[PDB]
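Okay, so the sequence shown: first residue is 1 according to the deposited numbering, each after it adds one.
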Amino acid sequence: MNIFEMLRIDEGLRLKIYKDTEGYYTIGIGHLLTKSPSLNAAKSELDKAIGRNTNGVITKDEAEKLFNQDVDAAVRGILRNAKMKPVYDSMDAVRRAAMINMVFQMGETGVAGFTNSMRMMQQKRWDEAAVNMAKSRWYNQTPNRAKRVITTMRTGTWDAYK
Ligand SMILES: [Cl-]
Ligand SMILES: [Cl-]
Numbered sequence: 001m002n003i004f005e006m007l008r009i010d011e012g013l014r015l016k017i018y019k020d021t022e023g024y025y026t027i028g029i030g031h032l033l034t035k036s037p038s039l040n041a042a043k044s045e046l047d048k049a050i051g052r053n054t055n056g057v058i059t060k061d062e063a064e065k066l067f068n069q070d071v072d073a074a075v076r077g078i079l080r081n082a083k084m085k086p087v088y089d090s091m092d093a094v095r096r097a098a099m100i101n102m103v104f105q106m107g108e109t110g111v112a113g114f115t116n117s118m119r120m121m122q123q124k125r126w127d128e129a130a131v132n133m134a135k136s137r138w139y140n141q142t143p144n145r146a147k148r149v150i151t152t153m154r155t156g157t158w159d160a161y162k
């Protein structure tokens, strides 16, 4: 297991524009297209991202293409972030994967809003961090995924994904 498979589990694969769990137009493997209510704008954002006239549908390879880009951008987002970098650097590979998943889903912004857990993380107080992370809208909204990511963080193993 690795970050790619992990996220592929959590996000799924849809080759047609769909609405995510927040009602936002998405496609591929969790690629958010736009927060606007218009499918047109969505369709438009998709064509711009793919470089062709998609008509709201892409092939698998294209989905994988966005996916690579988005994982790469999440990592690079973390590394450019003054609050997060040090937390990420302090952790082992499994736990880093958990942090990337959170950023991929919530944006550097949304994650960056877990200061308190991140501090516990950096201190290696896993159980506590897990408890704190659970008091969040994130957890209340997507509890099963949240649980998977929290156990990965708590344990440093991929058990939640096996
Ligand atoms: Cl893009
Ligand atoms: Cl869920």
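The beta-carbon is built from N, C-alpha and C at its ideal position, and this holds for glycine as well.
Query raised in the report: Can you find at least 3 beta carbon pairs, one from the segment 53-66 and one from the segment 83-97, that sit closer than 8 Å?
Result: no
Query raised in the report: Does the beta carbon of residue 86 fall short of 7 Å from some heavy atom of ligand 2?
Result: no
Requested in this report: Could you check which residue in 2, 1, 23 and 27 has the C-alpha nearest to that of residue 11?
Outcome: 27
Query raised in the report: Is residue 2 near ligand 2, judged by its Cβ being under 7 Å from some heavy atom?
Result: no
Query raised in the report: Can you name, in chain order, every residue of its own chain whose Cβ lies under 6 Å from the Cβ of residue 139, other than the five neighbours on each side?
Result: 146
Query raised in the report: Looking only at DSSP bridge pairs, what is residue 28 linked to?
Result: 14
Query raised in the report: In the segment 79-120, which residue ranges form an unbroken alpha helix (DSSP H) of at least 4 residues, counting only runs that do not cross its ends?
Result: 85-89 and 93-112
**Report entry** Nearest candidate by alpha-carbon position, reference residue 104, set 137, 87, 132 and 66
**Finding:** 66
Query raised in the report: In the structure shown, what three-state DSSP assignment does residue 19 receive?
Result: strand
Query raised in the report: If you follow the alpha helix (DSSP H) that residue 43 is part of, which residue opens it and which one closes it?
Result: 39-50
Query raised in the report: If we ignore side chains and look at the alpha-carbon of each, how far apart do residue 43 and residue 21 end up?
Result: 19 Å
Query raised in the report: Apart from the five residues on each side of it in sequence, which residues of its chain come closer than 6 Å, Cβ to Cβ, to residue 41?
Result: 34
Query raised in the report: In this structure, does DSSP put residue 34 in helix, strand or coil?
Result: strand
Report task. Using beta-carbon positions only, say whether residue 152 and residue 112 come within less than 8 Å of one another. Result -> no
Requested in this report: Starting from residue 149, trace the alpha helix (DSSP H) both ways and give me its first and last residue.
Outcome: 143-155
Report task. Have a look at residue 115 and residue 141 and give me their C-alpha separation to the nearest angstrom. Result -> 20 Å
Report task. Alpha carbon to alpha carbon, how far is residue 136 from residue 109? Give it in angstroms, no decimals. Result -> 14 Å
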